[PDB]
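Asker: Before I ask anything, let me first share the structure, which is written out below as structure tokens.
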Amino acid sequence: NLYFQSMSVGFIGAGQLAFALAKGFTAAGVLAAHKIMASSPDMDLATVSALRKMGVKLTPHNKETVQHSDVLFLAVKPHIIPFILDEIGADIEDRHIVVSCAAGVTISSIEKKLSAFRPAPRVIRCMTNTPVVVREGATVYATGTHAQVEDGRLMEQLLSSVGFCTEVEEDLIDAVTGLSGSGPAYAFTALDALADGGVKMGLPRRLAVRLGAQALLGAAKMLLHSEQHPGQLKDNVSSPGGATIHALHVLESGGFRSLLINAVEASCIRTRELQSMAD
Amino acid sequence: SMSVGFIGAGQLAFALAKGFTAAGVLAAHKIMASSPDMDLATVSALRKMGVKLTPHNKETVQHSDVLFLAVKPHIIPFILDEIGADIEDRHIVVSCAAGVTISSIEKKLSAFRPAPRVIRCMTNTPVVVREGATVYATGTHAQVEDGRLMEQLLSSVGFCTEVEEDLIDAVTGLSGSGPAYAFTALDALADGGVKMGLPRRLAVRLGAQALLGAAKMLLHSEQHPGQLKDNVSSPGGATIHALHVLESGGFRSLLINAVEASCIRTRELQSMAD
Amino acid sequence: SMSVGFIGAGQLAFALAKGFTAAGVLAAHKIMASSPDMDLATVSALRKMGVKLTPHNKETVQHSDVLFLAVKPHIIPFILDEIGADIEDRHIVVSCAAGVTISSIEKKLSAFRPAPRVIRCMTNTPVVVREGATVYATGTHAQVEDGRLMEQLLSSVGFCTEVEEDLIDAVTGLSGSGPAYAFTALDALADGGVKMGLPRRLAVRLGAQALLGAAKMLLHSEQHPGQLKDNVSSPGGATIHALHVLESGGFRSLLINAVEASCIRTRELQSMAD
Amino acid sequence: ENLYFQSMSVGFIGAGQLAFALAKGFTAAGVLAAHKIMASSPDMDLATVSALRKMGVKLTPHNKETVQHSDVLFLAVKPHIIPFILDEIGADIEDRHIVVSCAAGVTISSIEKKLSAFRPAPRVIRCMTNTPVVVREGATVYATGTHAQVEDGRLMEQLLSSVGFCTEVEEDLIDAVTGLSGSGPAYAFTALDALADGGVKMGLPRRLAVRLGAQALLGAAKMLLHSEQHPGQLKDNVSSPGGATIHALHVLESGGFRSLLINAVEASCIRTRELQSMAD
Amino acid sequence: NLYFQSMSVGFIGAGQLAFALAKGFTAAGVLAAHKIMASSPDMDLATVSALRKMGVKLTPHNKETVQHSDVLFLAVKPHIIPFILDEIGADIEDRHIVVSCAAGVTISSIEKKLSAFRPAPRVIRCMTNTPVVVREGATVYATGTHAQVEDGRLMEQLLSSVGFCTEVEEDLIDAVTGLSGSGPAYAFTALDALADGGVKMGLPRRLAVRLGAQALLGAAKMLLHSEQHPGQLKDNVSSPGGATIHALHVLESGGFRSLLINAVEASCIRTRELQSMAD
Ligand SMILES: NC(=O)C1=CN([C@@H]2O[C@H](COP(=O)(O)OP(=O)(O)OC[C@H]3O[C@@H](n4cnc5c(N)ncnc54)[C@H](O)[C@@H]3O)[C@@H](O)[C@H]2O)C=CC1
Ligand SMILES: NC(=O)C1=CN([C@@H]2O[C@H](COP(=O)(O)OP(=O)(O)OC[C@H]3O[C@@H](n4cnc5c(N)ncnc54)[C@H](O)[C@@H]3O)[C@@H](O)[C@H]2O)C=CC1
Ligand SMILES: NC(=O)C1=CN([C@@H]2O[C@H](COP(=O)(O)OP(=O)(O)OC[C@H]3O[C@@H](n4cnc5c(N)ncnc54)[C@H](O)[C@@H]3O)[C@@H](O)[C@H]2O)C=CC1
Ligand SMILES: NC(=O)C1=CN([C@@H]2O[C@H](COP(=O)(O)OP(=O)(O)OC[C@H]3O[C@@H](n4cnc5c(N)ncnc54)[C@H](O)[C@@H]3O)[C@@H](O)[C@H]2O)C=CC1
Ligand SMILES: NC(=O)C1=CN([C@@H]2O[C@H](COP(=O)(O)OP(=O)(O)OC[C@H]3O[C@@H](n4cnc5c(N)ncnc54)[C@H](O)[C@@H]3O)[C@@H](O)[C@H]2O)C=CC1
Ligand SMILES: O=C(O)[C@H]1CCCS1
Ligand SMILES: O=C(O)[C@H]1CCCS1
Ligand SMILES: O=C(O)[C@H]1CCCS1
Ligand SMILES: O=C(O)[C@H]1CCCS1
Ligand SMILES: O=C(O)[C@H]1CCCS1
């Protein structure tokens with residue numbers, strides 16, 4: 001029974017993430033679409049067209065988003081953030097909570113830019129992922145220097161309506177980016193390959209995609225609702241000498257586990273590397 | 001009414017001049033190319049087509065309105081110092097050299113006359129069959145009509161779109177080097193056909209036709225390349241068995257490696273220039 | 001004046017009917033296709049084009065002069081037992097099924113009427129953009145004009161040549177499965193473009209255009225694919241660096257592996273049929 | 001012929017494998033009398049020295065004697081020895097000398113800098129050759145230095161063409177030539193050893209396998225040199241569809257055979273550049 | 001000063017090998033081109049066009065080649081040999097020496113076919129390679145049951161005019177096929193790759209191809225003219241710590257030697273496998 005009646009939300013940037021969050025927020029019923037505004041310099045985007053059909057207000061002018069909004073999501077690519085902050089810094093007011101969703105971009109770099117215009121900008125940094133669009137996101141956030149305690153509580157309330165959400169220290173966010181930020185892409189890759197495996201063994205592609213996705217969804221839910229180690233859940237599937245343990249062996253023979261560690265590491269390191277180039 | 005020149009009379013200049021004249025947008029007599037070796041195979045070819053040839057880059061500049069630089073990247077600075085005093089208000093200088101930045105070209109030419117009109121492009125050899133892939137970036141002093149003239153000319157020999165200059169090194173790694181990746185693949189596919197009993201000539205023809213048709217399908221489709229792949233393979237069938245052996249060798253990762261390596265080498269060469 | 005039927009209304013039947021009608025060689029109303037699932041996506045598409053649809057394979061046979069079999073290979077014997085008593089002296093039966101031999105088809109149809117006119121072909125999905133690659137072999141009772149009619153029809157949607165039947169399983173591994181190899185390559189090349197900073201849409205477009213143009217160059221050239229590769233790479237340049245990383249992963253061997261695996265699976269499936 | 005009646009005196013500083021191979025080639029070509037060649041080394045107990053002596057080449061421990069004897073003077077010592085050599089006999093280089101450095105990686109610039117401290121216009125040529133000059137099938141490139149006369153390059157090409165292929169190049173290609181044709185014979189000997197092992201594994205006597213493998217390589221190389229066709233086209237002409245050769249080419253491809261040869265040319269070229277950076 | 005004045009040579013098959021041998025024989029001066037006849041069912045072949053320009057007599061009819069010829073080379077693909085022998089078996093005469101160049105095809109299988117028409121066919125089996133076209137071939141031959149001692153001597157004389165030639169026991173020929181029969185293709189592959197290596201390091205392709213080919217030619221000649229082991233010749237190239245030994249290491253790290261053994265083995269095994277399918 002959650003609903004933010006006095007809250008206006010804006011998105012600077014109207015792409016994949018702004019669409020996913022706006023769709024998730026409106027489906028959760030915590031925000032009416034007409035209380036959301038998004039800005040983009042390209043109104044011929046498929047996400048812009050989708051946001052319009054939801055009822056979200058659209059404008060080319062970032063200043064209009066700022067003037068409309070209380071909670072302001074920065075949903076542009078990381079290298080665009082400093083340009084955005086230069087553009088609307090003079091328009092940030094005491095009432096604004098600035099939530100940066102940009103990969104890698106530090107609270108410090110945002111606060112430095114905005115502080116040149118008005119002291120004490122209220123800044124929150126978050127890392128989320130596209131499954132907020134089906135209200136099953138994974139979101140972490142860190143509060144900035146001037147964020148009030150009620151600001152973090154409000155953001156956790158809002159972002160919990162579209163999936164898991166918890167506060168972290170900011171120095172964990174680049175690693176979260178490599179795990180759950182990039183994570184859905186690892187899963188989409190895995191599901192494409194599992195479906196290819198099903199097709200190879202005789203299944204129609206449509207059925208293979210449905211079954212592989214249901215298997216992943218079910219297993220993830222089991223782990224979330226269980227207190228047992230994933231190794232123990234794995235042990236429950238494989239009967240001695242059976243089909244599953246034969247398949248697990250071929251995964252191990254290819255270093256399957258190491259590839260996933262490699263992936264989380266590479267996304268995290270690239271996230272750190274990009275920000276060091278920014279600074 | 002346009003007059004076009006090429007500094008350099010090698011593979012790219014031939015490919016572009018053959019495409020332009022085949023497209024009809026340019027008559028061979030409006031094209032002049034220069035090279036210090038007038039006994040080159042490509043120079044002989046351009047002569048048969050009707051293109052004017054000269055050893056003197058100054059003559060090419062004097063006749064051209066649009067001037068293409070089609071020499072190797074390390075030669076661009078030498079060329080710019082030889083012809084810089086000959087550039088005029090009318091000239092559009094189109095650099096085709098891999099890696100060479102608009103800034104480096106504009107710096108050299110500005111020592112002689114301010115506001116040189118510079119465009120940088122990355123194209124590829126299939127312009128010779130009017131199926132090239134071309135991107136271009138406009139310089140500080142290019143007029144808006146300069147970019148439109150450029151896009152009109154290069155669209156006649158393939159795909160053409162404007163990009164920001166900071167994308168061009170990556171384009172080089174993808175569509176600039178791309179034809180070589182395809183020629184390697186076609187040689188190997190033909191070897192596979194021969195191993196399974198096909199005459200070499202038929203294998204080359206079938207492999208090339210298969211790649212051409214698939215590329216055309218993807219260009220004409222709004223569907224994802226993975227969806228088009230799913231349409232080929234029946235469950236349990238021959239295609240999905242072959243796709244597995246490609247995946248087992250990391251086929252996808254090799255092509256990613258290639259684009260990266262070409263792009264990185266392009267960036268590395270230009271850092272050496274600067 | 002020709003009437004064409006398809007038994008099966010799936011991906012291949014759609015692709016061939018779209019190519020035929022786009023080529024102008026066949027009006028959509030002269031084509032009938034049958035399928036047991038009239039709520040298929042491809043069946044809806046054929047209906048929009050003007051193709052006649054029916055659930056009854058007998059109706060397709062009754063209207064067709066040329067009859068394409070475009071069902072999965074394990075279904076061919078079932079189809080031949082359902083329609084065998086309906087084949088006539090006028091019919092040319094064109095089997096498109098992977099692996100299925102002319103001998104197996106002629107044996108089944110001969111139980112009903114002697115001298116069935118049978119042609120086996122291997123084509124691919126790019127017939128839908130009239131750039132298919134098709135081979136065909138004529139059966140024991142096909143007249144000489146039957147092969148010429150077949151080549152005329154299939155040349156309208158791509159390359160077409162007659163082969164001995166014992167080459168068709170290898171052709172399957174090369175140009176039949178080939179589009180899937182190209183779609184995989186194009187997905188990966190686009191990923192490489194994105195890694196180096198290109199938007200995904202531009203990377204897909206440039207990669208596909210590069211492969212299309214290179215394939216067209218090879219088809220229009222008498223030069224060896226290795227010679228065309230040599231023309232792309234400058235000494236020390238970006239392309240030769242990328243070619244090295246392809247060679248280091250055994251890129252060529254993977255494509256040979258793929259053709260072999262598809263051909264072998266085709267042979268294996270037909271041995272299972274027999 | 002014309003070079004023979006030129007009665008050239010040749011010297012080698014260094015009496016090792018390259019000096020032996022060149023001396024053997026020049027004398028077998030009839031361009032030089034063995035006794036018009038002089039070679040020096042501090043180690044007069046080397047096998048190459050005994051072979052040179054048996055040939056009739058003049059041997060001396062004293063590099064100055066080689067210089068004074070010579071009209072064309074080959075520097076055939078290890079790359080890191082070249083600067084010591086140039087310090088030692090630099091004062092003995094005369095205006096009549098053509099100094100030909102064979103040393104891997106050593107630049108014309110580095111040599112001219114040493115020698116210019118003594119006479120102002122030392123005539124320097126840099127070359128890269130290989131051991132098959134010993135059977136007059138060498139592969140040789142050379143670049144002319146700042147003060148080499150046009151006749152000096154032509155004389156050098158005449159001389160080195162008598163023992164194989166020879167062509168002028170820009171100096172900045174020579175490190176790459178080193179990795180290809182300089183080191184190349186060692187790749188070929190490795191390949192010939194391995195091909196012979198393959199012959200032996202399949203049942204051939206070793207002597208026959210070595211002979212057939214070497215003859216195969218020689219004939220294939222000669223074909224390519226005498227053909228205007230691409231090596232891939234010549235390869236295509238060997239393999240029938242489904243046949244033995246295309247099966248063998250597949251297993252080469254599956255091992256990255258091509259990439260190994262690229263790796264080798266690269267590795268030798270890079271090592272050549274890396275040593276010279278250590279020098280300069 | 002060799003010349004076979006009373007010898008007429010025929011080729012059944014007018015493809016790559018017939019062209020290479022006819023070009024080699026005529027360049028050696030041991031045969032006039034007009035004393036050579038070749039037959040093929042396809043007179044629109046590039047090799048047929050090349051043979052015509054040399055002066056070689058051409059016919060579509062294999063029977064004409066047989067009637068013209070004394071020495072008859074079978075230069076068709078191995079699976080065509082039994083069809084050929086059926087076709088012209090009745091036309092073999094006492095004077096004919098039948099030389100089969102077909103990979104894998106045994107003397108026994110040829111003699112069995114031809115003996116059904118006339119006893120004691122004179123059969124020689126040979127394995128050669130395309131460098132006979134530059135008179136640097138590598139050829140072995142085995143004499144059949146009814147070949148006279150002068151027949152082998154004559155064939156060794158003829159084939160020695162286009163390269164190395166020696167007699168072997170027939171059971172060595174499949175292995176020779178894997179080594180020197182297929183060998184030129186291994187070399188063309190190696191030269192293409194070496195040239196790519198030169199281009200990568202800055203050489204023009206034309207120069208790189210010329211230098212790589214000269215290097216291989218020179219090294220092979222050195223080995224042929226030396227009594228030393230190839231390992232010893234290799235040692236003479238590499239100075240301690242130098243460029244060559246660095247390159248040899250990277251070849252060894254990739255198992256370069258094993259790939260060449262693999263190749264000879266695979267060609268030999270395929271040659272045996274094909275013939276077992278023939279029989
Ligand atoms: N897509 C994902 O999976 C997630 C993305 N993120 C972060 O969200 C941000 C955006 O990601 P996507 O939405 O995927 O990017 P996207 O590229 O889909 O949308 C980007 C939007 O920014 C707009 N834009 C460009 N310049 C602008 C300007 N000057 N003012 C306003 N809008 C401008 C573009 O027109 C486009 O609408 C990035 O920083 C990314 O790290 C974080 C979590 C997950
Ligand atoms: N060939 C390709 O696939 C493409 C090449 N490019 C770029 O085009 C340029 C040349 O490419 P290619 O034509 O392949 O090189 P190329 O080597 O075939 O032709 C180069 C031409 O420049 C001439 N040249 C050398 N010095 C000269 C001088 N001082 N004045 C005038 N002409 C001179 C050479 O004689 C030769 O004719 C390079 O910058 C390359 O990056 C870009 C896209 C594709
Ligand atoms: N899709 C491709 O890339 C190509 C496929 N082929 C061959 O074409 C045939 C089919 O290929 P796709 O169209 O991809 O299969 P598909 O599965 O897309 O269409 C198969 C059609 O057969 C219909 N069908 C099933 N049982 C039937 C019956 N008893 N009577 C009539 N119709 C029936 C199915 O309902 C479906 O519409 C296969 O033999 C395949 O080897 C050959 C070349 C290329
Ligand atoms: N061996 C080869 O394959 C080729 C060698 N080269 C170059 O030729 C040069 C020598 O090569 P190798 O003859 O193989 O070396 P090597 O070591 O066989 O002969 C070197 C000779 O230098 C002599 N030497 C050492 N210090 C000396 C000094 N202070 N004064 C005079 N002589 C001295 C040694 O005693 C020995 O006789 C090297 O620079 C190498 O890069 C280049 C082309 C091919
Ligand atoms: N190309 C090579 O590197 C070498 C090939 N060989 C052997 O030589 C034989 C031929 O090899 P290539 O010449 O490369 O084949 P190829 O395919 O170049 O020439 C084959 C010739 O046979 C002709 N032919 C087909 N049916 C015929 C018939 N019924 N009567 C007469 N001629 C007919 C074809 O029209 C063509 O002219 C094969 O058995 C092969 O094993 C042996 C040593 C080396
Ligand atoms: O014992 C096994 O592995 C079976 C149970 C899980 C699916 S297969
Ligand atoms: O894989 C399949 O189902 C067939 C499709 C066309 C070539 S093989
Ligand atoms: O490799 C090269 O020399 C350039 C050719 C076009 C793309 S990069
Ligand atoms: O077709 C082939 O591969 C044979 C040719 C000569 C060596 S084996
Ligand atoms: O010592 C070395 O390896 C040099 C001699 C051969 C070419 S490079």
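Simple scheme: letters A, B, ... for chains in structure tokens order, numbers from 1 for residues in each chain, numbers from 1 for ligands in the order shown.
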Taking only C-alpha atoms into account, which residues of chain D are within 6 Å of chain E, as a PyMOL selection string?

Answerer: chain D and resi 132+137+139+176+181+183-186+188-189+194-195+198+202+212-216+218-221+231+235+244-245+248+252+258+260-262+264-265+267-268+271-272

Asker: Output C-alpha atoms for every residue in the selection just made, as an mmCIF file, in the first residue's frame.

Answerer:
```cif
data_model
loop_
_atom_site.group_PDB
_atom_site.id
_atom_site.type_symbol
_atom_site.label_atom_id
_atom_site.label_comp_id
_atom_site.auth_asym_id
_atom_site.auth_seq_id
_atom_site.Cartn_x
_atom_site.Cartn_y
_atom_site.Cartn_z
ATOM 1 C CA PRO D 132 72.322 -20.651 -47.833
ATOM 2 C CA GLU D 137 70.950 -19.658 -52.866
ATOM 3 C CA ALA D 139 68.537 -14.264 -49.612
ATOM 4 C CA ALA D 176 61.935 -7.540 -40.377
ATOM 5 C CA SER D 181 64.924 -14.743 -44.313
ATOM 6 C CA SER D 183 66.318 -16.684 -39.289
ATOM 7 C CA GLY D 184 64.260 -18.444 -41.976
ATOM 8 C CA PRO D 185 66.688 -21.298 -42.701
ATOM 9 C CA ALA D 186 66.464 -22.397 -39.051
ATOM 10 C CA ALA D 188 63.109 -24.709 -42.441
ATOM 11 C CA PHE D 189 65.630 -27.051 -40.801
ATOM 12 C CA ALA D 194 59.917 -32.848 -38.117
ATOM 13 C CA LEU D 195 58.651 -33.803 -41.577
ATOM 14 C CA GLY D 198 56.613 -37.901 -39.697
ATOM 15 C CA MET D 202 54.613 -43.784 -41.141
ATOM 16 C CA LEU D 212 61.976 -36.547 -49.888
ATOM 17 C CA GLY D 213 61.061 -33.839 -47.380
ATOM 18 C CA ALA D 214 63.912 -31.557 -48.465
ATOM 19 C CA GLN D 215 63.188 -32.152 -52.149
ATOM 20 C CA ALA D 216 59.498 -31.379 -51.536
ATOM 21 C CA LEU D 218 62.904 -27.104 -52.515
ATOM 22 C CA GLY D 219 60.516 -27.880 -55.365
ATOM 23 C CA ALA D 220 57.627 -26.041 -53.730
ATOM 24 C CA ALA D 221 59.751 -22.952 -53.060
ATOM 25 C CA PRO D 231 50.579 -19.559 -52.683
ATOM 26 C CA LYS D 235 48.091 -25.136 -52.472
ATOM 27 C CA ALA D 244 44.897 -36.904 -48.397
ATOM 28 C CA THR D 245 46.386 -33.428 -48.715
ATOM 29 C CA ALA D 248 46.640 -33.033 -43.690
ATOM 30 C CA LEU D 252 47.958 -28.116 -39.623
ATOM 31 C CA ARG D 258 50.192 -20.425 -39.711
ATOM 32 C CA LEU D 260 53.355 -20.212 -35.277
ATOM 33 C CA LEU D 261 55.317 -19.031 -38.318
ATOM 34 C CA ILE D 262 53.970 -15.485 -37.868
ATOM 35 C CA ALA D 264 58.483 -16.733 -35.171
ATOM 36 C CA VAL D 265 59.079 -13.921 -37.706
ATOM 37 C CA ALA D 267 59.810 -12.902 -32.274
ATOM 38 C CA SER D 268 63.065 -12.749 -34.274
ATOM 39 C CA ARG D 271 64.547 -9.580 -30.490
ATOM 40 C CA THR D 272 66.660 -7.914 -33.197
#
```

Asker: Would you give me, as a list in words, the residues of chain B that come within 9 Å of chain D, using only C-alpha atoms?

Answerer: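 That gives the following set of residues: residues 187, 191, 192, 193, 194, 195, 196, 197, 198, 199 and 200 of chain B.
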
Asker: Output the selection as a tab-separated table (two decimals), in the first residue's frame - N, CA and C atoms for each residue.

Answerer:
```tsv
chain	number	residue	atom	x	y	z
B	187	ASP	N	38.23	-18.42	-47.55
B	187	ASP	CA	39.25	-19.40	-47.88
B	187	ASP	C	39.06	-20.68	-47.06
B	191	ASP	N	38.05	-24.51	-48.02
B	191	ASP	CA	38.84	-25.69	-47.64
B	191	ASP	C	37.96	-26.75	-47.00
B	192	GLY	N	37.01	-26.33	-46.15
B	192	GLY	CA	36.08	-27.27	-45.56
B	192	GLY	C	35.20	-27.95	-46.59
B	193	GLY	N	34.69	-27.18	-47.56
B	193	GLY	CA	33.98	-27.79	-48.68
B	193	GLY	C	34.82	-28.81	-49.44
B	194	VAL	N	36.08	-28.47	-49.72
B	194	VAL	CA	36.96	-29.40	-50.43
B	194	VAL	C	37.20	-30.65	-49.58
B	195	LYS	N	37.40	-30.47	-48.26
B	195	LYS	CA	37.65	-31.65	-47.44
B	195	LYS	C	36.49	-32.63	-47.53
B	196	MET	N	35.27	-32.12	-47.60
B	196	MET	CA	34.07	-32.96	-47.67
B	196	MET	C	33.70	-33.34	-49.10
B	197	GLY	N	34.53	-33.02	-50.09
B	197	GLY	CA	34.40	-33.59	-51.42
B	197	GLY	C	33.96	-32.65	-52.52
B	198	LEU	N	33.89	-31.35	-52.27
B	198	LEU	CA	33.48	-30.41	-53.32
B	198	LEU	C	34.69	-29.93	-54.12
B	199	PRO	N	34.55	-29.74	-55.42
B	199	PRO	CA	35.60	-29.04	-56.18
B	199	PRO	C	35.82	-27.65	-55.61
B	200	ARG	N	37.08	-27.21	-55.67
B	200	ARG	CA	37.45	-25.95	-55.03
B	200	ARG	C	36.64	-24.78	-55.59
```

Asker: Taking the backbone alone, and naming residues the way the document does, which bits of segment 61-112 of chain E are helix (DSSP H, G or I) by DSSP, as a VMD selection string?

Answerer: chain E and resid 62 to 68 78 to 91 107 to 112

Asker: With a cut-off of 8 Å and counting only C-alpha atoms, select all residues of chain B in contact with chain A and give the selection as a ChimeraX atom specification.

Answerer: /B:230,234-237,240-241

Asker: Taking C-alpha atoms for each residue, export the selection above as an mmCIF file, in the first residue's frame.

Answerer:
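Now in part20.cif:
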```cif
data_model
loop_
_atom_site.group_PDB
_atom_site.id
_atom_site.type_symbol
_atom_site.label_atom_id
_atom_site.label_comp_id
_atom_site.auth_asym_id
_atom_site.auth_seq_id
_atom_site.Cartn_x
_atom_site.Cartn_y
_atom_site.Cartn_z
ATOM 1 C CA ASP B 230 17.672 -19.840 -34.775
ATOM 2 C CA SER B 234 16.347 -27.481 -37.016
ATOM 3 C CA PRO B 235 16.385 -29.407 -33.707
ATOM 4 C CA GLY B 236 19.050 -32.104 -33.769
ATOM 5 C CA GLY B 237 20.070 -31.028 -37.265
ATOM 6 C CA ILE B 240 23.237 -26.823 -34.786
ATOM 7 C CA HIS B 241 25.932 -29.538 -34.718
#
```

Asker: Give me the residues of chain D that have any atom at most 9 Å from an atom of ligand 4; for each, the nearest atom pair and the distance in Å, rounded to one decimal. Use only C-alpha atoms and all ligand atoms, sort by chain and number, and format it as a tab-separated table.

Answerer:
```
residue	atom	partner	partner_atom_place_in_ligand_line	distance
D:12	CA	ligand 4	32 (N)	8.3
D:13	CA	ligand 4	31 (C)	5.0
D:14	CA	ligand 4	32 (N)	3.6
D:15	CA	ligand 4	37 (O)	3.8
D:16	CA	ligand 4	19 (O)	3.1
D:17	CA	ligand 4	13 (O)	3.9
D:18	CA	ligand 4	13 (O)	3.9
D:19	CA	ligand 4	13 (O)	5.9
D:20	CA	ligand 4	13 (O)	7.7
D:21	CA	ligand 4	1 (N)	8.3
D:39	CA	ligand 4	32 (N)	8.3
D:40	CA	ligand 4	31 (C)	5.4
D:41	CA	ligand 4	32 (N)	3.7
D:42	CA	ligand 4	35 (O)	5.4
D:43	CA	ligand 4	35 (O)	4.7
D:44	CA	ligand 4	35 (O)	7.4
D:45	CA	ligand 4	35 (O)	8.8
D:46	CA	ligand 4	37 (O)	6.9
D:48	CA	ligand 4	37 (O)	7.2
D:49	CA	ligand 4	37 (O)	7.1
D:61	CA	ligand 4	31 (C)	7.5
D:62	CA	ligand 4	30 (N)	7.7
D:63	CA	ligand 4	31 (C)	6.0
D:75	CA	ligand 4	9 (C)	7.3
D:76	CA	ligand 4	9 (C)	4.1
D:77	CA	ligand 4	22 (O)	4.0
D:78	CA	ligand 4	39 (O)	3.8
D:79	CA	ligand 4	39 (O)	4.6
D:80	CA	ligand 4	39 (O)	8.1
D:81	CA	ligand 4	26 (N)	6.2
D:82	CA	ligand 4	39 (O)	8.0
D:84	CA	ligand 4	29 (N)	6.9
D:85	CA	ligand 4	29 (N)	5.9
D:88	CA	ligand 4	29 (N)	8.5
D:101	CA	ligand 4	39 (O)	8.1
D:102	CA	ligand 4	8 (O)	5.2
D:103	CA	ligand 4	39 (O)	3.1
D:104	CA	ligand 4	41 (O)	3.8
D:105	CA	ligand 4	41 (O)	7.4
D:106	CA	ligand 4	39 (O)	8.2
D:127	CA	ligand 4	42 (C)	8.2
D:128	CA	ligand 4	43 (C)	5.5
D:129	CA	ligand 4	43 (C)	4.8
D:130	CA	ligand 4	44 (C)	4.0
D:131	CA	ligand 4	3 (O)	5.1
D:132	CA	ligand 4	3 (O)	8.7
D:140	CA	ligand 4	43 (C)	8.9
D:178	CA	ligand 4	43 (C)	7.5
D:181	CA	ligand 4	44 (C)	8.8
D:182	CA	ligand 4	44 (C)	5.3
D:183	CA	ligand 4	3 (O)	6.6
D:184	CA	ligand 4	3 (O)	9.0
D:185	CA	ligand 4	3 (O)	7.9
D:186	CA	ligand 4	3 (O)	8.2
D:272	CA	ligand 4	41 (O)	8.8
```

Asker: Excluding same-chain residues fewer than 3 positions from segment 95-99 of chain C, what lies within 9 Å of it counting only C-alpha atoms, as a VMD selection string?

Answerer: (chain B and resid 237 to 238) or (chain C and resid 12 67 to 74 76 102 105 118 to 123 168 to 169 172 176 266 to 270)

Asker: Determine, counting only C-alpha atoms, which protein, DNA and RNA residues have an atom within 7 Å of an atom of segment 149-166 of chain C; residues of the same chain fewer than 2 positions away are not included. Present the result as a ChimeraX atom specification.

Answerer: /C:19-20,23,127,130-137,145-147,168-169

Asker: Which residues come within 12 Å of residue 52 of chain A, counting only C-alpha atoms, excluding same-chain residues fewer than 4 positions away, as a list in words?

Answerer: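 Non-adjacent residues within range: residues 14, 19, 22, 23, 33, 34, 36, 37, 38, 39, 43, 44, 45, 46, 47, 48, 56, 57, 58 and 59 of chain A.
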
Asker: Counting only C-alpha atoms, which of C:272, C:182, C:28, C:15 gets nearest to chain B?

Answerer: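 Distance minimum relative to chain B lands on C:182.
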
Asker: With distances taken over only C-alpha atoms and all ligand atoms, which of C:167, C:256, C:242, C:144 is nearest to ligand 8?

Answerer: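 The shortest atom-to-atom distance to ligand 8 comes from C:242.
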
Asker: Atom 32 (N, counted along the ligand's line) of ligand 3 to atom CA of residue 52 of chain C: how many Å, to one decimal?

Answerer: 14.2 Å

Asker: Taking the DSSP secondary structure from the backbone, can you list the residues of segment 30-242 of chain A that are strand (DSSP E), as a count of residues only?

Answerer: 33

Asker: Go through C:40, C:232, C:51, C:27 and flag the residue nearest chain B, using only C-alpha atoms for the distances.

Answerer: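 The closest residue to chain B is C:232.
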
Asker: May I have the residues within 12 Å of residue 39 of chain C as a PyMOL selection string, using only C-alpha atoms and disregarding those fewer than 5 positions away in the same chain?

Answerer: chain C and resi 9-10+34+44-47+53-55

Asker: Name all residues at most 8 Å from residue 11 of chain C (count only C-alpha atoms; drop same-chain ones fewer than 5 positions away) and give them as number ranges by chain.

Answerer: B: 231; C: 42, 125

Asker: Mind writing the picked residues with C-alpha atoms as a PDB file, in the first residue's frame?

Answerer:
```
ATOM      1  CA  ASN B 231      15.671 -19.893 -38.047  1.00  0.00           C
TER       2      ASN B 231
ATOM      3  CA  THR C  42       5.051 -18.343 -41.439  1.00  0.00           C
ATOM      4  CA  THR C 125      17.265 -19.080 -46.309  1.00  0.00           C
TER       5      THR C 125
END
```
